[PDB]
Amino acid sequence: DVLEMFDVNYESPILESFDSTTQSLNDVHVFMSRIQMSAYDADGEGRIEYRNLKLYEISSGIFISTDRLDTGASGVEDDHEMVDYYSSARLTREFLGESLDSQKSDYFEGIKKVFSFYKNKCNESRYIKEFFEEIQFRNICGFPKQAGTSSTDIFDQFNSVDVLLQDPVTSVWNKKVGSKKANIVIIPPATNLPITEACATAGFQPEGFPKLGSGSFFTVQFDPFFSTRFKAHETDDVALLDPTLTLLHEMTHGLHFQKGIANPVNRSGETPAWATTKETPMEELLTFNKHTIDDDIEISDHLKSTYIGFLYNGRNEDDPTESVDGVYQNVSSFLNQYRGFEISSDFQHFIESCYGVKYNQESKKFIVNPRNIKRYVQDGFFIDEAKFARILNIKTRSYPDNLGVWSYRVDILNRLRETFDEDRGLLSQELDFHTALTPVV
Ligand SMILES: [Ca+2]
Ligand SMILES: [Zn+2]
């Protein structure tokens, strides 16, 4: 079932009616839904708001949209480049001689072609298979429980997306008929972003500061039809970033959001000094390449272990505003609420599978073993972009030059040449194999 593609097309009809006595939401693969996004005002300060969007379920718990969501103005004029390329036209109106409908159809086909490549790689690589089995199917438990969510509900805002029908009289898509398990949502870069940006976010966050160990589905803003050049080692051998590797990087951040280990913050809601190494978060170095931490692999592994230790145990500071609540205290406090309460076997198994914990039937309580919660955090960092690049033989940064245009078109649907294959992926990262964009400035 890993990355098994549903029979779903760009033009497959959106759900307009639902009869629970003869239909299952599990069989619904094209529907109106809503997800949180950061929206920006004219000043450029962000607030989290729901946005309606049309979703395609391309595989169990994996959703894509062709909708470019309105998150405010980018603040950059059309076709200006600053490393990244900005255009308000991409997936909103005619762009590069392609209609909106053409662009949306191509975006759908291109994302499916990328996932067909990943399915072929799962069949070839135990490591890639293990990664997709985890991000596609893992149980995702968020806390605290929100709004009208019962303490024993499996599906909620952290791990499912709403199925909305239209109010017949007003035509507004605001009639919720249920929800569907969600692990991964892939959408185009929103209006506020450049068209070359790739960005992974927590799919759902409550109003408070996020808690370590509280998971959500992840949303990736990603468009495989564009990429940016990169310089080799510290020579001048230039090549194009492979979008299939860019998405694997973002989905690795994704796995960290699914477990609630991506974004450690203190009681003031700021990143603690121990989470950063000008400044780069440890979350970025462990997603990119362990070896960037130190030339000696054993020192890299030790600094990794110290970071995971603080994610797990938190840290008490002499300034209590800088203290961090760890995964162990957050998860054990959450599960300790259930001590002595009768719960369904379905909710019991959901929690057991999510955190790798056991349940004591006699005392009706979760057994929250420290070694199990440590493994939950450690397991989140089992793979990085560099490992993917070695398995797939994709060229990436080893990681401001005046070497001209940064942003390139990528012919994912093979209109120009044999550019992208479902078995081999991107057949060349050479810049002369791709079409440079032409920024006005
Ligand atoms: Ca970027
Ligand atoms: Zn990253």
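Heads up, residue numbers simply count up from 1 along the chain you see.
This entry, so its header tells us, was determined using X-ray crystallography, 1.6 Å.
Just so you know, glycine gets a Cβ as well, placed from its N, Cα and C.
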Considering the Zn(2+) binding residues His249, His253 given in Swiss-Prot, which of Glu207, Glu279, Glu284 is annotated for that site as well? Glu284
So which other residues, same chain and not among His249, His253, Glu284, have a Cβ within 8 Å of the centroid of the Cβ atoms at the Zn(2+) site? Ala200, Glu250, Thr252, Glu283, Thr287, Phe288, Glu385
Cβ atoms near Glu250 (active site) (within 10 Å, other residues, all chains): 21
With Cβ-Cβ distance below 8 Å and at least 6 positions apart along the chain, what are the contacts of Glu284 (Zn(2+) binding site)? List them in sequence order. none
Cβ contacts within 10 Å for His249 (Zn(2+) binding site), all chains included, total 22
Suppose we draw a 10 Å sphere around the Cβ of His253 (Zn(2+) binding site). How many other Cβ atoms does it contain, all chains included? 22
